[PDB]
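Just below is one structure, and these are the notes that go with it.
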Amino acid sequence: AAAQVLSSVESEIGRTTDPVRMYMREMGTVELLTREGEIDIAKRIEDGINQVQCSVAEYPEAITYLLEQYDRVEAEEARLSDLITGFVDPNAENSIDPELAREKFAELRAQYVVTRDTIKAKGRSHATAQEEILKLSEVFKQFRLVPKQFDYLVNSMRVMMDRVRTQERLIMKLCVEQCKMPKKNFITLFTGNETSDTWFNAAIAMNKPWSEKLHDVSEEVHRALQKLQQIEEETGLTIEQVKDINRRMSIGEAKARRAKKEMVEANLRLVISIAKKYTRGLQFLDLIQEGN
Amino acid sequence: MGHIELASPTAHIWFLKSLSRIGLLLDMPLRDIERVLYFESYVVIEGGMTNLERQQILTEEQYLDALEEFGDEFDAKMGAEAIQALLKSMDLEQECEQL
Amino acid sequence: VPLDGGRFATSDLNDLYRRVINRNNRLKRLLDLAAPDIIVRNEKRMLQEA
Amino acid sequence: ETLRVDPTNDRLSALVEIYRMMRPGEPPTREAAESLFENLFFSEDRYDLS
């Protein structure tokens with residue numbers, strides 16, 4: 001409980017105006033980890049990292065976005081651009097060679113072509129279709145890409161999630177807030193069909209005098225529906241799947257941020273110790289920020 | 001002439017140390033404002049419940065207590081942003097007719 | 001302005017403006033770096049001090 | 001009367017008050033206070049009367 005004396009010192013400070021001493025007091029609350037904490041934090045970071053890998057693996061177009069760039073640079077008789085470094089580069093537990101890239105892409109094309117028909121069979125929830133999609137995900141997981149392309153890969157997921165969530169919020173922004181749509185039945189009816197106007201006209205079938213005046217807003221409440229359906233068609237993914245992916249990737253990245261935040265301040269003492277030897281060219285406190 | 005856009009709002013020094021011109025305007029002690037500017041104590045810009053009140057200084061522990069007790073119902077923060085929000089929330093004519 | 005002996009001399013206002021702009025762009029980088037809030041508070045404090 | 005005004009009751013309290021006087025704001029410890037007190041007037045390098 002090192003924070004209890006914080007109240008007994010701050011309420012009894014001399015109100016020192018020196019930034020350095022108050023900053024080093026602020027960073028003095030935390031302790032130093034050794035021989036168990038650092039490995040724990042590394043594991044807590046890597047589990048989040050592979051959770052993000054799983055989140056981006058379930059995206060059906062992720063494999064296509066990985067493969068189409070290398071396919072484009074294949075017809076160039078070689079891949080001289082830096083994106084060849086951003087190839088699959090499988091993890092093992094050096095320059096990219098054709099005997100590696102093409103060998104890894106053979107099973108990628110195989111899964112790309114064999115995971116299409118199985119989904120159509122016995123619906124999306126087909127057991128063999130789901131296990132084949134998971135097999136494609138696993139064969140995607142055997143890679144190790146570069147952070148550069150991975151950044152835009154996750155940014156595409158972020159922007160598509162933002163677009164779909166804004167479209168979903170627009171339903172409330174247009175009618176629920178104005179016409180007072182009761183969310184108690186709204187949430188139940190929305191998750192039922194989400195593809196047609198079954199619940200939309202089921203609301204009209206009920207008494208619902210507020211909903212009876214929906215024709216004037218039909219061409220502005222159904223455009224959101226059309227946008228949602230178009231997004232689902234171009235993505236090939238249902239609302240529940242993408243929502244689950246976003247929900248788990250958010251907590252994974254939050255855990256990763258928490259772990260790295262827990263780890264950073266455990267070496268602020270190292271930073272300030274190493275900053276002392278470099279002073280007086282610029283300052284003492286700016287060097288602290290650069291070290292951080 | 002030229003200008004530099006400051007990422008975070010910052011406080012003018014003449015209207016802070018000269019005796020206060022913002023201490024009277026906010027009717028707050030100078031020490032409390034100095035503590036707020038140094039990122040040491042929270043300030044409640046507005047509180048929905050009657051437990052808290054506007055312009056009440058806050059230490060971190062009871063600030064976390066308020067967070068767990070209320071959360072988004074009350075509004076409190078630090079820095080020169082807090083002072084700027086305080087100046088924003090003030091209505092001059094009501095104080096003019098009241099005092 | 002240059003001096004006759006090949007040196008230079010300038011007002012300390014230049015030093016103050018350099019310091020403020022340097023830590024201003026440093027805070028600009030730190031804001032989108034999503035660093036822990038302690039370092040952001042420290043950078044804001046030093047921006048105010050500058 | 002000086003004893004009457006004195007709030008300290010032992011060496012640790014006196015050293016704590018001395019540390020608070022010399023280095024305001026910085027929390028004192030069990031070892032820093034007497035070290036600073038010794039270096040104030042009892043270290044050859046940091047004090048001299050000739």
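By convention in this document, the chains of the structure tokens carry letters A, B, ... by their order, each chain's residues are numbered from 1, and ligands are numbered from 1 in the order they are shown.
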
Enumerate, in order of chain and increasing residue number, the residues of chain B with an atom no farther than 12 Å from chain A, each with its shortest atom pair and distance in Å to one decimal, counting only C-alpha atoms, as CSV.
residue,atom,partner,partner_atom,distance
B:31,CA,A:15,CA,8.9
B:32,CA,A:15,CA,11.0
B:34,CA,A:15,CA,9.2
B:35,CA,A:15,CA,8.5
B:37,CA,A:17,CA,11.4
B:38,CA,A:19,CA,8.8
B:39,CA,A:22,CA,10.3
B:40,CA,A:10,CA,8.4
B:41,CA,A:10,CA,9.8
B:58,CA,A:7,CA,11.5
B:59,CA,A:7,CA,8.0
B:60,CA,A:7,CA,8.7
B:61,CA,A:7,CA,8.5
B:62,CA,A:7,CA,10.6

Export, as a PDB file, in the first residue's frame, the selected residues with N, CA, C and O atoms.
ATOM      1  N   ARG B  31      -3.798  28.400  -4.387  1.00  0.00           N
ATOM      2  CA  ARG B  31      -3.135  27.119  -4.168  1.00  0.00           C
ATOM      3  C   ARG B  31      -3.892  25.978  -4.838  1.00  0.00           C
ATOM      4  O   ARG B  31      -3.278  25.059  -5.395  1.00  0.00           O
ATOM      5  N   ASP B  32      -5.226  26.020  -4.803  1.00  0.00           N
ATOM      6  CA  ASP B  32      -6.012  24.971  -5.445  1.00  0.00           C
ATOM      7  C   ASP B  32      -5.819  24.984  -6.957  1.00  0.00           C
ATOM      8  O   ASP B  32      -5.662  23.926  -7.579  1.00  0.00           O
ATOM      9  N   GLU B  34      -3.205  26.126  -8.558  1.00  0.00           N
ATOM     10  CA  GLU B  34      -1.847  25.652  -8.806  1.00  0.00           C
ATOM     11  C   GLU B  34      -1.766  24.133  -8.712  1.00  0.00           C
ATOM     12  O   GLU B  34      -1.071  23.489  -9.507  1.00  0.00           O
ATOM     13  N   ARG B  35      -2.454  23.543  -7.732  1.00  0.00           N
ATOM     14  CA  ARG B  35      -2.494  22.087  -7.629  1.00  0.00           C
ATOM     15  C   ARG B  35      -3.166  21.462  -8.847  1.00  0.00           C
ATOM     16  O   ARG B  35      -2.730  20.411  -9.334  1.00  0.00           O
ATOM     17  N   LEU B  37      -3.322  22.722 -11.922  1.00  0.00           N
ATOM     18  CA  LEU B  37      -2.518  22.899 -13.127  1.00  0.00           C
ATOM     19  C   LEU B  37      -1.342  21.929 -13.163  1.00  0.00           C
ATOM     20  O   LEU B  37      -0.880  21.543 -14.243  1.00  0.00           O
ATOM     21  N   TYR B  38      -0.846  21.519 -11.994  1.00  0.00           N
ATOM     22  CA  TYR B  38       0.290  20.611 -11.906  1.00  0.00           C
ATOM     23  C   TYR B  38      -0.109  19.144 -11.987  1.00  0.00           C
ATOM     24  O   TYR B  38       0.733  18.279 -11.715  1.00  0.00           O
ATOM     25  N   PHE B  39      -1.362  18.849 -12.339  1.00  0.00           N
ATOM     26  CA  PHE B  39      -1.861  17.479 -12.436  1.00  0.00           C
ATOM     27  C   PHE B  39      -1.666  16.736 -11.115  1.00  0.00           C
ATOM     28  O   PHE B  39      -1.007  15.698 -11.038  1.00  0.00           O
ATOM     29  N   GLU B  40      -2.263  17.292 -10.068  1.00  0.00           N
ATOM     30  CA  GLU B  40      -2.182  16.718  -8.734  1.00  0.00           C
ATOM     31  C   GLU B  40      -3.536  16.460  -8.102  1.00  0.00           C
ATOM     32  O   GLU B  40      -3.655  15.543  -7.286  1.00  0.00           O
ATOM     33  N   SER B  41      -4.556  17.236  -8.454  1.00  0.00           N
ATOM     34  CA  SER B  41      -5.871  17.102  -7.850  1.00  0.00           C
ATOM     35  C   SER B  41      -6.937  17.323  -8.909  1.00  0.00           C
ATOM     36  O   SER B  41      -6.784  18.177  -9.785  1.00  0.00           O
ATOM     37  N   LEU B  58     -10.263  17.417  -5.474  1.00  0.00           N
ATOM     38  CA  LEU B  58     -10.372  15.968  -5.384  1.00  0.00           C
ATOM     39  C   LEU B  58      -8.992  15.332  -5.369  1.00  0.00           C
ATOM     40  O   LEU B  58      -8.167  15.617  -6.240  1.00  0.00           O
ATOM     41  N   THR B  59      -8.754  14.464  -4.393  1.00  0.00           N
ATOM     42  CA  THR B  59      -7.573  13.617  -4.385  1.00  0.00           C
ATOM     43  C   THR B  59      -7.865  12.319  -5.135  1.00  0.00           C
ATOM     44  O   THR B  59      -9.020  11.967  -5.383  1.00  0.00           O
ATOM     45  N   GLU B  60      -6.795  11.607  -5.499  1.00  0.00           N
ATOM     46  CA  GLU B  60      -6.933  10.465  -6.401  1.00  0.00           C
ATOM     47  C   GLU B  60      -7.763   9.342  -5.788  1.00  0.00           C
ATOM     48  O   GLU B  60      -8.587   8.732  -6.478  1.00  0.00           O
ATOM     49  N   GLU B  61      -7.546   9.032  -4.509  1.00  0.00           N
ATOM     50  CA  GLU B  61      -8.216   7.878  -3.911  1.00  0.00           C
ATOM     51  C   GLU B  61      -9.728   8.075  -3.858  1.00  0.00           C
ATOM     52  O   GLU B  61     -10.494   7.225  -4.329  1.00  0.00           O
ATOM     53  N   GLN B  62     -10.182   9.198  -3.299  1.00  0.00           N
ATOM     54  CA  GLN B  62     -11.616   9.457  -3.286  1.00  0.00           C
ATOM     55  C   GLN B  62     -12.152   9.773  -4.677  1.00  0.00           C
ATOM     56  O   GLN B  62     -13.353   9.620  -4.913  1.00  0.00           O
TER      57      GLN B  62
END

Check range 141-239 of chain A with DSSP on the backbone and list each residue it calls alpha helix (DSSP H), as an MDAnalysis selection string. chainID A and resid 141 147:171 177:179 183:190 198:205 209:212 215:235 239

Saved selection, atoms kept: C-alpha atoms, as a PDB file, in the first residue's frame:
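Okay, part-v4.pdb is ready:
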ATOM      1  CA  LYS A 141      -1.645 -18.628 -38.607  1.00  0.00           C
ATOM      2  CA  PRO A 147       4.072  -4.936 -38.873  1.00  0.00           C
ATOM      3  CA  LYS A 148       3.699  -2.541 -41.821  1.00  0.00           C
ATOM      4  CA  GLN A 149       1.166  -4.502 -43.878  1.00  0.00           C
ATOM      5  CA  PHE A 150      -0.386  -5.907 -40.691  1.00  0.00           C
ATOM      6  CA  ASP A 151      -1.160  -2.338 -39.601  1.00  0.00           C
ATOM      7  CA  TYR A 152      -3.317  -1.690 -42.662  1.00  0.00           C
ATOM      8  CA  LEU A 153      -4.741  -5.210 -42.369  1.00  0.00           C
ATOM      9  CA  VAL A 154      -6.086  -4.391 -38.906  1.00  0.00           C
ATOM     10  CA  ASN A 155      -7.000  -0.859 -40.046  1.00  0.00           C
ATOM     11  CA  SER A 156      -9.273  -2.363 -42.705  1.00  0.00           C
ATOM     12  CA  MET A 157     -11.066  -4.320 -39.982  1.00  0.00           C
ATOM     13  CA  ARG A 158     -11.263  -1.164 -37.865  1.00  0.00           C
ATOM     14  CA  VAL A 159     -12.756   0.938 -40.668  1.00  0.00           C
ATOM     15  CA  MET A 160     -15.258  -1.744 -41.700  1.00  0.00           C
ATOM     16  CA  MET A 161     -16.343  -2.171 -38.071  1.00  0.00           C
ATOM     17  CA  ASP A 162     -16.681   1.605 -37.714  1.00  0.00           C
ATOM     18  CA  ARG A 163     -18.773   1.771 -40.890  1.00  0.00           C
ATOM     19  CA  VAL A 164     -21.094  -1.054 -39.835  1.00  0.00           C
ATOM     20  CA  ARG A 165     -21.460   0.298 -36.288  1.00  0.00           C
ATOM     21  CA  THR A 166     -22.249   3.785 -37.604  1.00  0.00           C
ATOM     22  CA  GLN A 167     -24.864   2.260 -39.913  1.00  0.00           C
ATOM     23  CA  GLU A 168     -26.340   0.395 -36.933  1.00  0.00           C
ATOM     24  CA  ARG A 169     -26.366   3.557 -34.798  1.00  0.00           C
ATOM     25  CA  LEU A 170     -28.043   5.448 -37.651  1.00  0.00           C
ATOM     26  CA  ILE A 171     -31.133   3.280 -37.108  1.00  0.00           C
ATOM     27  CA  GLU A 177     -34.703   8.657 -30.879  1.00  0.00           C
ATOM     28  CA  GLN A 178     -37.427  10.498 -32.811  1.00  0.00           C
ATOM     29  CA  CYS A 179     -40.305   8.003 -33.026  1.00  0.00           C
ATOM     30  CA  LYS A 183     -35.588  -1.051 -27.396  1.00  0.00           C
ATOM     31  CA  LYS A 184     -36.987  -4.025 -25.451  1.00  0.00           C
ATOM     32  CA  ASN A 185     -38.595  -5.456 -28.588  1.00  0.00           C
ATOM     33  CA  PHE A 186     -36.263  -3.591 -30.965  1.00  0.00           C
ATOM     34  CA  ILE A 187     -33.183  -5.559 -29.888  1.00  0.00           C
ATOM     35  CA  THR A 188     -35.069  -8.864 -30.080  1.00  0.00           C
ATOM     36  CA  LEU A 189     -36.489  -8.154 -33.542  1.00  0.00           C
ATOM     37  CA  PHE A 190     -33.217  -6.760 -34.927  1.00  0.00           C
ATOM     38  CA  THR A 198     -39.893  -9.204 -41.624  1.00  0.00           C
ATOM     39  CA  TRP A 199     -39.691  -7.458 -38.254  1.00  0.00           C
ATOM     40  CA  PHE A 200     -40.131  -4.047 -39.900  1.00  0.00           C
ATOM     41  CA  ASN A 201     -43.605  -4.995 -41.137  1.00  0.00           C
ATOM     42  CA  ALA A 202     -44.220  -7.130 -38.044  1.00  0.00           C
ATOM     43  CA  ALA A 203     -44.040  -3.855 -36.121  1.00  0.00           C
ATOM     44  CA  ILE A 204     -46.616  -2.433 -38.543  1.00  0.00           C
ATOM     45  CA  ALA A 205     -48.792  -5.506 -37.957  1.00  0.00           C
ATOM     46  CA  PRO A 209     -49.307   3.732 -33.642  1.00  0.00           C
ATOM     47  CA  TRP A 210     -45.868   5.363 -33.688  1.00  0.00           C
ATOM     48  CA  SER A 211     -44.594   2.712 -36.114  1.00  0.00           C
ATOM     49  CA  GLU A 212     -47.682   2.971 -38.345  1.00  0.00           C
ATOM     50  CA  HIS A 215     -43.903   5.103 -44.834  1.00  0.00           C
ATOM     51  CA  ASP A 216     -42.694   8.712 -44.695  1.00  0.00           C
ATOM     52  CA  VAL A 217     -39.445   7.377 -43.190  1.00  0.00           C
ATOM     53  CA  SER A 218     -39.430   4.048 -45.058  1.00  0.00           C
ATOM     54  CA  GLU A 219     -37.114   5.413 -47.734  1.00  0.00           C
ATOM     55  CA  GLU A 220     -34.778   6.666 -44.974  1.00  0.00           C
ATOM     56  CA  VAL A 221     -35.058   3.695 -42.584  1.00  0.00           C
ATOM     57  CA  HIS A 222     -34.670   1.041 -45.316  1.00  0.00           C
ATOM     58  CA  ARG A 223     -31.571   2.660 -46.833  1.00  0.00           C
ATOM     59  CA  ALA A 224     -29.743   1.719 -43.636  1.00  0.00           C
ATOM     60  CA  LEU A 225     -31.012  -1.839 -44.168  1.00  0.00           C
ATOM     61  CA  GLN A 226     -29.766  -1.820 -47.758  1.00  0.00           C
ATOM     62  CA  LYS A 227     -26.355  -0.550 -46.641  1.00  0.00           C
ATOM     63  CA  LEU A 228     -26.128  -3.250 -43.956  1.00  0.00           C
ATOM     64  CA  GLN A 229     -27.089  -5.951 -46.454  1.00  0.00           C
ATOM     65  CA  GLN A 230     -24.596  -4.633 -49.025  1.00  0.00           C
ATOM     66  CA  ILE A 231     -21.845  -4.665 -46.389  1.00  0.00           C
ATOM     67  CA  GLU A 232     -22.747  -8.243 -45.469  1.00  0.00           C
ATOM     68  CA  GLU A 233     -22.749  -9.302 -49.134  1.00  0.00           C
ATOM     69  CA  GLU A 234     -19.393  -7.704 -49.980  1.00  0.00           C
ATOM     70  CA  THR A 235     -17.928  -9.104 -46.750  1.00  0.00           C
ATOM     71  CA  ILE A 239     -23.505  -9.594 -38.329  1.00  0.00           C
TER      72      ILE A 239
END

Counting only C-alpha atoms, give me one row per residue of chain A with an atom at most 9 Å from an atom of chain C, showing the shortest contact pair and its distance in Å to one decimal, sorted by chain then residue number, as a Markdown table.
| residue | atom | partner | partner_atom | distance |
| --- | --- | --- | --- | --- |
| A:19 | CA | C:46 | CA | 7.6 |
| A:23 | CA | C:42 | CA | 7.0 |
| A:26 | CA | C:38 | CA | 8.3 |
| A:27 | CA | C:38 | CA | 8.3 |
| A:261 | CA | C:36 | CA | 6.1 |
| A:264 | CA | C:36 | CA | 8.4 |
| A:265 | CA | C:36 | CA | 8.9 |
| A:285 | CA | C:46 | CA | 8.5 |
| A:286 | CA | C:23 | CA | 8.0 |
| A:289 | CA | C:39 | CA | 7.7 |
| A:292 | CA | C:39 | CA | 8.0 |

Keeping only N, CA and C atoms, write those residues as a PDB file, in the first residue's frame.
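Once everything was written out, this is out-v3.pdb:
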ATOM      1  N   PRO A  19       9.707  20.524 -11.481  1.00  0.00           N
ATOM      2  CA  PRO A  19       9.031  19.392 -12.136  1.00  0.00           C
ATOM      3  C   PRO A  19       9.722  18.060 -11.920  1.00  0.00           C
ATOM      4  N   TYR A  23       7.887  14.666 -10.624  1.00  0.00           N
ATOM      5  CA  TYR A  23       7.792  13.577 -11.592  1.00  0.00           C
ATOM      6  C   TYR A  23       8.412  12.294 -11.048  1.00  0.00           C
ATOM      7  N   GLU A  26       6.193  10.842  -8.629  1.00  0.00           N
ATOM      8  CA  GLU A  26       5.051  10.186  -9.258  1.00  0.00           C
ATOM      9  C   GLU A  26       5.418   8.804  -9.776  1.00  0.00           C
ATOM     10  N   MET A  27       6.604   8.661 -10.367  1.00  0.00           N
ATOM     11  CA  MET A  27       7.003   7.355 -10.876  1.00  0.00           C
ATOM     12  C   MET A  27       7.575   6.445  -9.799  1.00  0.00           C
ATOM     13  N   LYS A 261       1.566  -1.257 -20.593  1.00  0.00           N
ATOM     14  CA  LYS A 261       1.527  -0.136 -19.661  1.00  0.00           C
ATOM     15  C   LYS A 261       2.045  -0.543 -18.288  1.00  0.00           C
ATOM     16  N   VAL A 264       5.982  -0.671 -18.826  1.00  0.00           N
ATOM     17  CA  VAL A 264       6.800   0.478 -19.220  1.00  0.00           C
ATOM     18  C   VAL A 264       7.395   1.174 -17.997  1.00  0.00           C
ATOM     19  N   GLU A 265       6.576   1.435 -16.976  1.00  0.00           N
ATOM     20  CA  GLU A 265       7.064   2.228 -15.852  1.00  0.00           C
ATOM     21  C   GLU A 265       8.017   1.458 -14.946  1.00  0.00           C
ATOM     22  N   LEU A 285      15.210  17.135 -18.221  1.00  0.00           N
ATOM     23  CA  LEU A 285      13.857  16.593 -18.273  1.00  0.00           C
ATOM     24  C   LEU A 285      13.406  16.200 -19.669  1.00  0.00           C
ATOM     25  N   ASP A 286      13.855  16.913 -20.704  1.00  0.00           N
ATOM     26  CA  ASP A 286      13.559  16.495 -22.071  1.00  0.00           C
ATOM     27  C   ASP A 286      14.220  15.159 -22.384  1.00  0.00           C
ATOM     28  N   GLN A 289      11.987  12.416 -21.296  1.00  0.00           N
ATOM     29  CA  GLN A 289      10.924  12.096 -22.245  1.00  0.00           C
ATOM     30  C   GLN A 289      11.456  11.298 -23.425  1.00  0.00           C
ATOM     31  N   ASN A 292      11.960   7.811 -22.287  1.00  0.00           N
ATOM     32  CA  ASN A 292      10.678   7.121 -22.183  1.00  0.00           C
ATOM     33  C   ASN A 292      10.160   6.710 -23.556  1.00  0.00           C
TER      34      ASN A 292
END

Within 7 Å of residue 9 in chain B, counting only C-alpha atoms, which residues show up once you throw out same-chain ones fewer than 3 positions away? Write them as a count of residues only, please. 3

Output the contact residues of chain D with respect to chain A at a cut-off of 12 Å, based on only C-alpha atoms, as a VMD selection string. chain D and resid 16 to 17 19 to 29

Mind writing the picked residues with N, CA, C and O atoms as a compact mmCIF listing (two decimals), in the first residue's frame?
# COMPACT_ATOMS: atom_id res chain seq x y z
N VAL D 16 13.08 13.44 10.04
CA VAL D 16 12.01 13.59 9.06
C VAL D 16 11.70 15.06 8.82
O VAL D 16 11.55 15.50 7.68
N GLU D 17 11.59 15.83 9.90
CA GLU D 17 11.32 17.26 9.75
C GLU D 17 12.47 17.97 9.05
O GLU D 17 12.24 18.88 8.24
N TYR D 19 14.50 16.61 6.83
CA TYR D 19 14.40 16.25 5.42
C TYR D 19 13.28 17.02 4.73
O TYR D 19 13.44 17.48 3.60
N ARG D 20 12.14 17.15 5.40
CA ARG D 20 11.03 17.93 4.85
C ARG D 20 11.43 19.38 4.64
O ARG D 20 11.00 20.02 3.68
N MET D 21 12.24 19.92 5.56
CA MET D 21 12.72 21.29 5.41
C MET D 21 13.66 21.41 4.21
O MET D 21 13.50 22.28 3.36
N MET D 22 14.65 20.52 4.13
CA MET D 22 15.68 20.66 3.11
C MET D 22 15.14 20.32 1.72
O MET D 22 15.43 21.01 0.75
N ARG D 23 14.34 19.25 1.62
CA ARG D 23 13.84 18.76 0.34
C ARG D 23 12.32 18.65 0.40
O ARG D 23 11.77 17.56 0.58
N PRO D 24 11.61 19.77 0.26
CA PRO D 24 10.15 19.72 0.34
C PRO D 24 9.54 18.91 -0.80
O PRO D 24 10.07 18.86 -1.91
N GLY D 25 8.42 18.26 -0.49
CA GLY D 25 7.67 17.52 -1.49
C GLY D 25 8.12 16.08 -1.64
O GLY D 25 7.29 15.18 -1.79
N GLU D 26 9.42 15.85 -1.60
CA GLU D 26 9.96 14.51 -1.74
C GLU D 26 9.72 13.72 -0.46
O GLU D 26 10.15 14.17 0.61
N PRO D 27 9.05 12.58 -0.51
CA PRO D 27 8.82 11.79 0.71
C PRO D 27 10.13 11.34 1.33
O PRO D 27 11.07 10.98 0.61
N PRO D 28 10.23 11.36 2.65
CA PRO D 28 11.45 10.89 3.30
C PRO D 28 11.43 9.38 3.50
O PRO D 28 10.39 8.72 3.46
N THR D 29 12.63 8.83 3.72
CA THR D 29 12.80 7.42 3.99
C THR D 29 13.52 7.24 5.33
O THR D 29 13.87 8.22 6.00
